[PDB]
Amino acid sequence: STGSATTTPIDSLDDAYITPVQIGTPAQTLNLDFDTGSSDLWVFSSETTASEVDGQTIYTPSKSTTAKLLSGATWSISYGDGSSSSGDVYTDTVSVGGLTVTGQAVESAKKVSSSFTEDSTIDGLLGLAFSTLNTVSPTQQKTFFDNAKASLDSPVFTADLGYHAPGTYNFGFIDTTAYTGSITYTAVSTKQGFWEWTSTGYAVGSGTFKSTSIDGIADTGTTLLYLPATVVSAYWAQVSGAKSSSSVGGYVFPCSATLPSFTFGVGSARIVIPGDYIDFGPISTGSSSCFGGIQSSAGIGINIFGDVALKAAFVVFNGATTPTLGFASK
Ligand SMILES: NCc1ccc(C(F)(F)F)cc1
Ligand SMILES: NCc1ccc(C(F)(F)F)cc1
Numbered sequence: 008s009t010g011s012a013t014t015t016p017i018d019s020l021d022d023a024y025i026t027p028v029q030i031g032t033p034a035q036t037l038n039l040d041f042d043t044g045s046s047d048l049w050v051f052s053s054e055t056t057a058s059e060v061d062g063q064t065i066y067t068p069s070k071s072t073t074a075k076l077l078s079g080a081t082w083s084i085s086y087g088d089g090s091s092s093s094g095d096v097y098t099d100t101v102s103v104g105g106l107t108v109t110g111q112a113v114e115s116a117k118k119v120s121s122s123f124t125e126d127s128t129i130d131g132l133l134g135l136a137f138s139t140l141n142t143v144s145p146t147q148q149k150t151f152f153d154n155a156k157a158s159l160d161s162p163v164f165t166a167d168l169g170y171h172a173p174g175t176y177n178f179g180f181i182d183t184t185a186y187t188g189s190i191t192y193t194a195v196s197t198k199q200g201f202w203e204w205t206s207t208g209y210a211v212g213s214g215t216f217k218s219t220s221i222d223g224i225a226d227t228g229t230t231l232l233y234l235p236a237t238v239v240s241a242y243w244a245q246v247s248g249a250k251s252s253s254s255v256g257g258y259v260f261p262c263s264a265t266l267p268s269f270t271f272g273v274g275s276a277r278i279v280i281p282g283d284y285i286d287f288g289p290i291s292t293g294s295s296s297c298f299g300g301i302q303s304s305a306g307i308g309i310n311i312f313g314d315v316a317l318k319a320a321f322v323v324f325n326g327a328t329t330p331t332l333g334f335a336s337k
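Going by our numbering, the sequence shown runs without a break in its numbering and finishes at 337.
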């Protein structure tokens, strides 16, 4: 079987992408943030503290004839940005673009951090990293992808995120009309539970390509591109007036500047991020200082190929027994 669903940016800056997901019987449709950097499927629900819900669509397990409470199970997650949520666990039927999994663990939020409350357009997250990172206790639960794997035509899913435009998540098949040229596959390490791979280098604008190994993770759940300080300094040095601002929390640049492209290596192939993808607009309304889409990973501890990088490519997440990542231009 296969599944295909349209994913849509939540705002004008592509800060995140939401994808409709059907949960329960009869279907309750929630718009979830597909996150290859985490492994929990959690949703706003009728159990969430009322003061922490502000416009989100909630999952109501008592109205689903297929929902079953997972006795004694709890979950608690903390994301790298400081966000967090926690609650109890149900099992229920979950469908993505025609692809149905029965008995999927649906984690019901009882408490969410402020960053989720203020994001009225995200009803929850659908984790697509490896199941070893799932936070359900005392019995760890499997991801949607892991549960669907055996029934998929091919054990893959693909991410085709749009620039200021809708895109597609496909499960079980590779749309050969969605990309140009060939797909270049590269090795994945699962030792940390992430889709972790090694980029072969980078170039700034039309500059020389620098061959250097950059270990990082492919994370649809992170907005920006987080790279080592040496790389990020080399990029912003080519932008007149750009500087690192401690008060803002990263590199900013004059909004009137034109940004150079950024190239990263995948084996012998090259993925080019257009300069416009790196512009994330004024730091505050009316400001002439703009926030950069490439930032340092020094404070994070890991390099993150977030949406800024992934939306420049067609990305294959190959969940075979030896997993690999595929990148193609589009
Ligand atoms: N998108 C989920 C996520 C959040 C944080 C991290 C970090 F920062 F710990 F690497 C990775 C993945
Ligand atoms: N990396 C996972 C993640 C995704 C979205 C959010 C936000 F923006 F909704 F708070 C936080 C953390």
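Ideal Cβ placement from N, Cα and C applies to all residues, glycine included.
Around the beta carbon of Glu-203, 16 or more other beta carbons sit within 10 angstroms, so the residue counts as buried.
With a threshold of 7 Å, the Cβ atom of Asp-40 counts as near ligand 2, since some heavy atom of the ligand is closer than that.
For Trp-204, the uninterrupted beta strand (DSSP E) run begins and ends at 203 to 211, by DSSP.
Its chain contains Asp-167 and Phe-321 as the residues whose beta carbon lies nearer than 6 Å to that of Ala-185, once the 5 sequence neighbours on both sides are disregarded; these appear in chain order. Excluding five sequence positions before and after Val-239, the CB atoms of its chain that fall closer than 6 Å to its own CB belong to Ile-301 and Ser-303, given in chain order. Annotated as proximal: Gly-228 and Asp-42, with beta-carbon spacing under 8 Å. Of the residues assessed, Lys-149 falls on the buried side of the cut-off, its CB having 16 or more other CB atoms within 10 angstroms.
Around the C-beta of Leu-76, fewer than 16 other C-beta atoms lie within 10 Å, and the residue is accordingly described as exposed.
Under the three-state reduction of DSSP, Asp-40 is assigned to strand. Selection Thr-175, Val-273, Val-259 and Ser-8 evaluated against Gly-288 yields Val-259 as nearest (Cα-Cα). By the 16-neighbour rule on beta-carbons within 10 angstroms, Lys-156 is buried. The C-beta separation of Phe-201 from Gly-87 comes to about 11 Å, leaving the pair out of contact by the 8 Å criterion.
Under DSSP, the beta-bridge partners assigned to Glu-114 are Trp-49 and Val-96. Taking C-beta separations shorter than 6 Å and ignoring five residues to either side along the sequence, the partners of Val-119 in its chain run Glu-59 and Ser-92, following chain order. For the stretch 231 to 305, the continuous alpha helix (DSSP H) assignments of 4+ residues that do not extend past its boundaries occur at 236 to 243, in sequence order. Setting aside the 5 residues that flank it on each side, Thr-55 is surrounded in the same chain by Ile-65, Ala-116, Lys-117 and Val-119, each with a C-beta closer than 7 Å to its C-beta; the list follows chain order.
Each residue's CA atom was taken as its position, placing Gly-333 and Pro-145 some 35 Å apart.
Within 7 Å of the C-beta of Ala-80 there is not a single heavy atom belonging to ligand 2.
The beta carbon of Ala-236 sits closer than 7 Å to the beta carbons of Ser-303 and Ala-305 from its chain, once the five residues preceding and following it are set aside; these are given in chain order.
Within 7 Å of the C-beta of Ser-45 there is at least one heavy atom belonging to ligand 1. Measuring C-alpha to C-alpha distances from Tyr-242 to each of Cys-297, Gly-223 and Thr-270 identifies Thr-270 as the nearest.
Its chain contains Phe-216, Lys-217, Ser-218, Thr-219 and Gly-272 as the residues whose beta carbon lies nearer than 7 Å to that of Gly-208, once the 5 sequence neighbours on both sides are disregarded; these appear in chain order. Between the stretch 159 to 173 and the stretch 66 to 75, the count of Cβ pairs shorter than 8 Å is below three; the stretches do not touch. Within the stretch 159 to 183, the beta strand (DSSP E) runs of at least 3 residues that lie entirely inside it are, in chain order, 163 to 167 and 174 to 178. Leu-332: member of the beta strand (DSSP E) spanning 331 to 335, first to last residue.
Counting C-beta pairs with one atom in each stretch, the stretch 166 to 180 and the stretch 15 to 29 have three or more that are closer than 8 Å, which means they touch. Contact annotation: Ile-221 and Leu-231 have beta-carbon atoms that are not nearer than 8 Å. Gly-89 counts as exposed, since fewer than 16 other beta carbons sit within 10 angstroms of its beta carbon.
Closer than 7 Å to some heavy atom of ligand 2: that does not describe the Cβ of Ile-307. Taking 8 Å as the upper bound for CB-CB distance, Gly-257 and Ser-263 are not in contact here, some 19 Å apart.
Using a cutoff of 7 Å, the CB of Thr-229 counts as near ligand 2, since one of the ligand's heavy atoms is closer than that. With respect to the 8 Å criterion, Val-255 and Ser-268 are not classified as neighbours on the basis of their beta carbons.
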